[PDB]
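Protein chains in written order, with PDB author numbering: chain B, 0 to 395; chain D, 0 to 395; chain A, 0 to 395; chain C, 0 to 394.
A virtual CB, placed ideally from N, CA and C, is assigned to each residue, including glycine.
Here the structure is laid out as structure tokens; the discussion comes afterwards.
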Amino acid sequence: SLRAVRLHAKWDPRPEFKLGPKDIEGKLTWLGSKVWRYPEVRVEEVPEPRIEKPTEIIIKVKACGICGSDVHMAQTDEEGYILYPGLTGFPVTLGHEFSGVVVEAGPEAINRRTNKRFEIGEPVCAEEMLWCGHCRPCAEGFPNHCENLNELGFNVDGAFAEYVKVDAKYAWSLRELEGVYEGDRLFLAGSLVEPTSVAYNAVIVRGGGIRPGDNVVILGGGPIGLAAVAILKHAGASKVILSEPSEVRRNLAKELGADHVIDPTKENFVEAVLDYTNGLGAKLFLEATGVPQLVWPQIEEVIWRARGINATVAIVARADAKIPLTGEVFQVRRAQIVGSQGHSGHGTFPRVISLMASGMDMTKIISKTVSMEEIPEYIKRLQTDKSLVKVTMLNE
Amino acid sequence: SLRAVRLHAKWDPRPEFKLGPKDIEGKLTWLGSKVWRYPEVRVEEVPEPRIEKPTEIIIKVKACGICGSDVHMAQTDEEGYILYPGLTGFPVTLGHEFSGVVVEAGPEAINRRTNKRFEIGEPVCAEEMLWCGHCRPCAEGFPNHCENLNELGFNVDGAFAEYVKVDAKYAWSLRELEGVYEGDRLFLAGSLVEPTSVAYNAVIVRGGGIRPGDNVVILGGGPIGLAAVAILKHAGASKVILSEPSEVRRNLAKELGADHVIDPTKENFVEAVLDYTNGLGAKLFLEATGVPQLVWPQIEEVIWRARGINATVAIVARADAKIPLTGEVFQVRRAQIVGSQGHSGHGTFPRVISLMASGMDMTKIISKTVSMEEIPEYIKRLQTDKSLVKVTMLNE
Amino acid sequence: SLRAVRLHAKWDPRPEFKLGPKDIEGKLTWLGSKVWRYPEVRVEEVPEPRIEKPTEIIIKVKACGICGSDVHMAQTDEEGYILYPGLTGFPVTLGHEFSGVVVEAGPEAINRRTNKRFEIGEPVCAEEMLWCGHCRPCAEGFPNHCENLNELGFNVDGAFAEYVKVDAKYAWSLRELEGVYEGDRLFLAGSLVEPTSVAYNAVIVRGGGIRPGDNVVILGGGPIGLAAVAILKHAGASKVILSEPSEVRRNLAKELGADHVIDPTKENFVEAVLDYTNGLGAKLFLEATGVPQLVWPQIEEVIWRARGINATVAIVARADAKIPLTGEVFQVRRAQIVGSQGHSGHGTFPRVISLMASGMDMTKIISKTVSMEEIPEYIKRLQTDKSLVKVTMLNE
Amino acid sequence: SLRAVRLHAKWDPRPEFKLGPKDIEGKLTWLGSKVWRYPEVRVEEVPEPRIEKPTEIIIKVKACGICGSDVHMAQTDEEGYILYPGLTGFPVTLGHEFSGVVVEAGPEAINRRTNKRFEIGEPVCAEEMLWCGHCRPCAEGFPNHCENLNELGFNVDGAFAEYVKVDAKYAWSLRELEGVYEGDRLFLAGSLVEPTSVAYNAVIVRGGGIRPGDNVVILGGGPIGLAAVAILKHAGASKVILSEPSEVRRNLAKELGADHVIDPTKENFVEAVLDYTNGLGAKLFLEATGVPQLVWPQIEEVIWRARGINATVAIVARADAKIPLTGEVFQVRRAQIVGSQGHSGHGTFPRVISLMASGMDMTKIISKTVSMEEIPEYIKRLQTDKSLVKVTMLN
Ligand SMILES: [Cl-]
Ligand SMILES: [Cl-]
Ligand SMILES: [Cl-]
Ligand SMILES: [Cl-]
């Protein structure tokens with residue numbers, strides 16, 4: 000009587016593949032696209048989750064967003080290999096951008112909000128990055144770089160399901176959203192915390208944030224770029240400029256508070272940015288396109304010509320191609336480059352929840368809510384349908 | 000014949016006064032209240048100001064705010080000594096929270112906006128702290144701690160006048176406000192940059208700012224406290240709480256975006272702060288009351304009982320009394336105390352200006368605009384009339 | 000049969016005491032000195048340690064330092080109450096400054112050095128703050144402020160024993176000391192990591208550290224002050240100045256790299272600090288006396304009169320009395336005050352270990368090594384014998 | 000009659016050169032190597048310097064080091080153009096790494112040591128970046144990015160001379176070295192403050208410094224790389240590793256505190272770095288080779304494979320070639336890249352001076368001291384003679 004969206008695939012590695020040190024033959028690899036072949040995504044029966052450890056909770060799922068990584072796990076190259084390049088342990092229940100209600104909690108399952116055992120009925124979201132808590136990075140406070148990481152919806156059953164079990168240490172209360180987001184809207188808001196927290200980690204934690212009055216430039220208007228728009232407007236950016244080919248995304252960015260939006264295929268990016276900032280340029284650039292080798296010369300030209308100094312370029316999207324870095328630009332303009340990944344640690348989750356509670360409405364980016372049954376359809380449709388910004392499962 | 004509001008007093012020191020290392024007999028002291036007696040303040044004739052160095056500009060003053068410092072220079076204790084404790088060189092033209100248009104400029108009088116000589120007609124405000132730019136603190140980037148400081152409206156003629164001369168290096172363009180603040184409102188906003196920058200230096204630079212989603216508590220709802228409300232809400236504070244006995248001030252705080260206001264004479268500050276923040280407390284406390292010895296226990300008790308950690312207390316008001324500091328509170332809650340002084344350096348002035356341009360309207364705090372002729376009267380009135388938040392000279 | 004040094008006391012609270020929210024009647028309090036009476040320390044037989052969770056290890060103790068807190072747990076006021084004011088769960092095996100060798104490890108007991116299960120024979124030291132890993136402060140990377148804290152040698156059986164059981168996540172490898180420190184000296188050095196890490200957390204992590212060339216002033220030459228001398232010299236402090244009335248501690252400070260030592264009882268602290276620093280003062284002051292209310296005026300006078308700015312006062316010692324803080328001093332000299340506690344997180348332990356491995360030898364401070372049997376005697380003797388800087392249990 | 004080492008060159012631009020917005024035809028350009036041609040360096044007679052501003056001082060030069068910049072200003076490509084690519088106003092007296100004694104000071108010429116007028120006899124060094132103090136970068140505390148810069152020994156007469164004149168605000172006392180550095184050595188140490196401060200800015204200010212116990216890796220063992228070695232050893236680095244093809248420089252690095260040296264042409268840099276750090280790698284990498292495009296893939300490999308995280312790569316050498324940056328490496332290892340230039344601001348000069356006073360002896364890197372007359376010869380010789388690490392004029 001229980002059902003979830005699951006991905007099955009054939010372990011059939013490419014000839015260059017050698018089993019990685021943390022890979023498990025036939026079951027788990029750190030290099031998905033080298034190994035897993037002919038992915039199939041279907042709704043299927045699953046056994047009931049059960050509390051195995053005293054710190055575990057079982058959440059009844061209300062909403063779950065489809066990530067671009069979900070699309071890439073289910074999509075193939077010409078040879079039938081998945082596009083998704085990273086950690087994958089199939090078969091798995093997909094979905095990691097979620098919220099729901101706690102329906103069961105082991106005796107040691109603590110809610111950080113109360114520092115007491117999780118109570119039935121608590122609305123929660125959870126982290127996708129399942130950090131171990133004991134390794135050297137975790138012990139220094141850097142869980143996004145855990146040496147023993149697992150990933151919800153990648154190799155641990157996720158949340159395109161009726162129920163999902165996770166350790167309490169990954170769950171965060173949505174109680175603050177109550178009476179700000181009525182009914183289902185609370186859970187929609189909750190399901191956007193993970194991708195907003197990716198953006199938050201990138202611009203606030205790794206980026207170093209801004210002083211109010213600073214300008215920022217975001218490249219890429221997907222979910223992460225869009226969350227950056229809202230976050231940095233809320234952080235007090237005087238000008239928030241987003242560069243993005245897609246019109247629906249540029250329009251969304253305006254709803255989220257972008258002061259200017261650029262279509263880089265029809266406008267000169269460099270000139271628009273300099274004009275918009277009166278030659279000052281920006282304190283922070285967020286590279287969220289995934290084509291940094293293509294946008295990098297433009298970013299450098301702004302940094303070079305701008306009168307502002309101390310610019311940070313935060314790289315959050317994944318790409319393979321090399322970046323054409325001109326050392327001199329960063330020397331002469333007192334600028335720097337940081338990489339970002341993940342959404343865990345640093346109190347990022349709770350601050351994003353508080354920020355949502357205090358008015359920051361990300362639910363605007365949800366193009367469509369759908370039933371669990373329609374999720375396989377939309378996962379496939381997102382391979383080509385550029386009009387869809389964010390599709391969210393909603394259990395009604 | 001030009002006129003300005005000038006203050007005169009007698010050099011007649013208290014018995015404890017010994018001439019300071021940088022004091023000049025009869026003319027200048029760093030210990031104003033120990034020295035200056037029976038102050039008189041009036042509109043009087045002044046000679047034309049003039050370019051005397053190639054770096055100088057002359058500004059036709061459009062607006063100048065009365066600071067509590069001006070009130071304290073003209074108010075005496077029961078023995079006739081001025082209340083203002085710091086650097087004072089009388090007689091002087093008063094006024095240092097001001098804006099106007101440039102009407103003359105030396106050949107080396109550079110506008111930072113263009114890196115070119117100031118244009119006649121350029122709307123500007125200026126810093127009150129006249130840093131030297133060559134001492135060790137200045138050379139390290141800390142001009143609020145200049146070893147050879149002079150102060151506009153304290154020992155150098157100021158801006159309650161028709162015209163004021165200042166070095167171009169102190170002046171900042173208000174061009175960004177054009178077509179956002181129309182007419183006199185541009186100069187009213189310009190005149191609020193200095194006090195707003197004192198707040199900004201205290202909460203962003205010294206206090207270290209906040210991450211969006213943090214809570215903040217401001218104690219004292221004078222101009223500095225009110226600026227801090229607006230600045231920290233603009234920086235994305237989830238809850239901004241202001242504590243101030245005065246109702247007019249609390250209501251203005253709401254208008255500037257404070258989420259909760261506390262009258263500490265009628266309500267329990269500690270319980271209200273804890274109840275408003277759901278037991279989390281705040282990342283930042285601004286002590287802007289000047290009675291730190293009275294509010295310190297309440298601050299400490301919040302920090303102690305609050306579950307939030309890493310709280311910073313920023314001390315911006317000048318008080319003479321010992322603060323009853325409990326070390327253990329700061330050790331156990333991982334908290335710290337920073338002092339703050341002034342408004343110069345760190346690109347505060349230009350950020351405050353861009354922030355106002357982007358929507359942060361501080362002009363809401365202006366209780367009254369008056370003519371130059373009325374300024375002595377209002378400086379007197381402000382000794383007792385606590386309903387007036389900010390009174391501003393407006394040259395029409 | 001195994002033996003250990005255990006403290007027994009009577010649950011007999013002062014009239015003012017009310018049971019704390021986390022206290023357990025008859026067993027555990029957060030307020031030791033308000034509750035525990037007539038303490039007695041004895042070597043007694045103990046049950047064999049057991050791996051009960053798969054993450055635990057058992058360590059054969061080689062060395063354990065007597066802390067001042069150990070002395071204070073077994074010392075009483077006139078009415079028989081213990082002097083130690085903090086968390087205490089009696090009876091308990093004392094000892095928390097220790098090293099030894101792994102003799103057993105559970106299946107999931109991971110050594111951070113290798114990211115593999117601990118090997119039998121691995122030399123280790125361990126943290127005393129037993130942080131939970133899951134509360135909000137832990138999840139934000141601040142484990143010294145853990146909401147569910149236990150404490151080794153306070154309410155969890157400690158290391159004045161032949162064997163001690165701890166979770167693997169508190170243990171740190173001493174491999175790097177092999178061939179630098181021969182035989183027992185390796186374990187002696189290991190036993191000093193905890194107090195050295197308290198100093199390290201106080202001056203590097205909380206204090207913010209220094210830039211090479213900065214001056215530092217340390218008040219108090221107990222083991223914490225002595226570690227700070229060593230750390231801050233290794234950190235590139237141009238001048239390290241220690242103030243301590245005990246001659247033996249001043250000579251130890253010189254041995255650890257202090258450039259100047261001050262006997263405050265026979266010398267003028269303020270003038271001596273100002274003379275030695277050529278009027279510059281210091282970037283960092285470490286208050287490690289426990290009498291911050293006696294030394295504060297002198298610290299404030301140096302900060303005030305010094306030409307340097309941006310001084311930090313870090314408070315590490317526990318004191319009860321209020322500090323007479325003059326806000327103005329901190330405002331005018333751009334100075335700050337941070338509290339510090341604990342030694343966990345931030346990678347402090349392993350960096351302290353690497354530092355020792357590269358030449359920083361703290362074993363110079365060990366006055367005497369003694370057998371387990373002699374420990375109760377020395378805990379008593381340390382109440383009055385000030386010649387003993389550090390006394391360490393050595394098992395052979 | 001006074002003399003100084005001066006460089007004369009011809010204004011004769013490359014065809015692709017257009018006069019820059021701040022250039023002065025025949026006199027000053029921001030692009031030296033696009034304009035100046037057939038440089039000649041000679042000792043010649045100069046007028047006596049004169050206090051022209053109340054804030055100026057006049058310094059009797061005691062020591063001046065030759066910078067790689069002086070070499071590239073007097074070195075040419077095959078078509079006769081200077082190798083130096085930046086701001087140059089010729090003719091000029093060369094030399095900008097100097098110390099000496101104040102012999103005349105204007106009425107407003109304040110010594111930061113005293114906050115009073117400089118007095119005759121004060122040993123000083125001075126900054127080379129003549130920052131304006133008033134532009135927005137200067138106003139914000141960032142004078143290495145001054146919008147109105149002048150440069151001593153580039154377009155303002157420098158210190159390969161018996162005397163040099165500078166604004167008091169660029170000058171820093173060497174009082175603290177008295178008693179520690181005996182005789183001429185005080186002035187040798189002073190002359191090394193500017194290049195040492197370049198390294199300090201790069202590793203402490205821009206690089207963010209380190210926590211004691213951290214490891215560091217320096218690539219390039221020129222004067223900047225070698226100062227970084229001493230600075231970071233003094234900062235408490237548990238392992239200081241320097242990679243450098245030159246044997247003389249590797250040997251100097253060990254004298255300066257390096258725990259390990261690597262010859263990358265005869266050893267595997269990646270494997271050596273991981274071995275010496277027991278797989279943990281480094282907190283900070285200083286790219287001071289000027290060939291970042293050749294060493295970069297090796298840095299990325301150490302960072303990728305090391306178990307340490309939060310690594311910073313600080314790029315201080317000037318190069319032209321693009322860097323093959325792999326973004327994924329910095330994302331997955333939580334690492335970052337910072338650029339650095341200059342030596343001004345942030346209290347770096349006075350800290351470097353205090354550091355030298357407390358025991359950091361940079362004077363070891365001086366290969367040879369020469370008289371003013373031999374400077375032009377050594378400026379030429381340094382084009383080819385790689386065994387000379389640092390050559391210093393001693394008056
Ligand atoms: Cl992290
Ligand atoms: Cl400052
Ligand atoms: Cl902590
Ligand atoms: Cl700079």
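For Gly67 of chain D, the enclosing alpha helix (DSSP H) starts and ends at 67 to 73. For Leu148 of chain D, there are no C-beta contacts with chain A under 8 Å, since the nearest C-beta of that chain is about 11 Å from it. Beta-bridge pairing by DSSP links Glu286 of chain D to D:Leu218, D:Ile314. At a cut-off of 7 Å, the beta-carbon of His144 of chain B counts as near ligand 1: some heavy atom of the ligand is closer than that. The Cβ neighbour count for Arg13 of chain C, taken over all protein chains shown within 10 Å, is under 16; the residue is labelled exposed. Counting other Cβ atoms within 10 Å of its Cβ, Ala320 of chain B stays below 16 and is therefore classed as exposed. The Cβ of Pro211 of chain B sits closer than 8 Å to at least one Cβ of chain D.
Restricted to the segment 147 to 227 of chain C, the alpha helix (DSSP H) segments that are unbroken, complete and at least 4 residues in length are 184 to 190, 192 to 199, listed in chain order. Taking a 10 Å sphere around the C-beta of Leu30 of chain D, we find 16 or more other C-beta atoms and assign the residue as buried. Going by C-alpha positions, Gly94 of chain D is about 39 Å away from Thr311 of chain B. Just measuring C-alpha positions, the residue of C:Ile365, C:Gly85, C:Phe117, C:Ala281 sitting nearest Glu327 of chain B is C:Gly85.
Not one beta carbon of chain A lies nearer than 8 Å to the beta carbon of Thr54 of chain D.
The C-beta of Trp130 of chain B has 16 or more other C-beta atoms within 10 Å across all chains shown, which makes the residue buried. Taking the beta carbon of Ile109 of chain D as reference, the chain C residues within 7 Å of it are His133, listed in sequence order.
Under DSSP, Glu43 of chain C takes part in a beta bridge, and its partners are C:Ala3. Residues of chain D whose Cβ lies closer than 7 Å to the Cβ of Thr325 of chain A are, in chain order, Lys321.
By the CB criterion at 8 Å, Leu354 of chain C and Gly235 of chain A fall inside the cutoff.
In this structure, the beta-carbon distance from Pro222 of chain D to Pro244 of chain D does not fall below 8 Å. At a beta-carbon threshold of 8 Å, the residues of chain C lying near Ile314 of chain B are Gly326, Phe329, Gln330, ordered along the chain.
Taken in chain order, the members of the segment 137 to 164 of chain B whose beta-carbon sits within less than 9 Å of a beta-carbon on chain A are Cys137, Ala138, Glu139, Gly140, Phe141, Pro142, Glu146, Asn147.
The DSSP-derived three-state label of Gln382 of chain B is coil. Here the distance from the Cβ of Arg317 of chain B to the nearest heavy atom of ligand 3 is not below 7 Å.
Annotation note: the segment 94 to 145 of chain A contains the following uninterrupted alpha helix (DSSP H) runs of length 4 or greater, listed N- to C-terminal: 135 to 138. A heavy atom of ligand 4 is found nearer than 7 Å to the CB of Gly341 of chain C. Contact check for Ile217 of chain B against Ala201 of chain B fails: the beta carbons are separated by 8 Å or more. Interface annotation for the segment 56 to 71 of chain D against chain C: empty, criterion Cβ-Cβ distance under 9 Å.
DSSP lists C:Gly64, C:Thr368 as the bridge partner or partners of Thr391 of chain C. For a Cβ distance threshold of 9 Å, residue set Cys134, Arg135, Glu146, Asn147 of chain B lies close to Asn114 of chain A, ordered along the chain. DSSP places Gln335 of chain A inside the beta strand (DSSP E), whose first and last residues are 335 to 338. With its beta carbon at least 8 Å from every one in chain D, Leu185 of chain B lies outside the interface. Fewer than three Cβ pairs drawn from the segment 45 to 56 of chain D and the segment 365 to 385 of chain B lie within less than 8 Å of each other, which leaves the two stretches out of contact.
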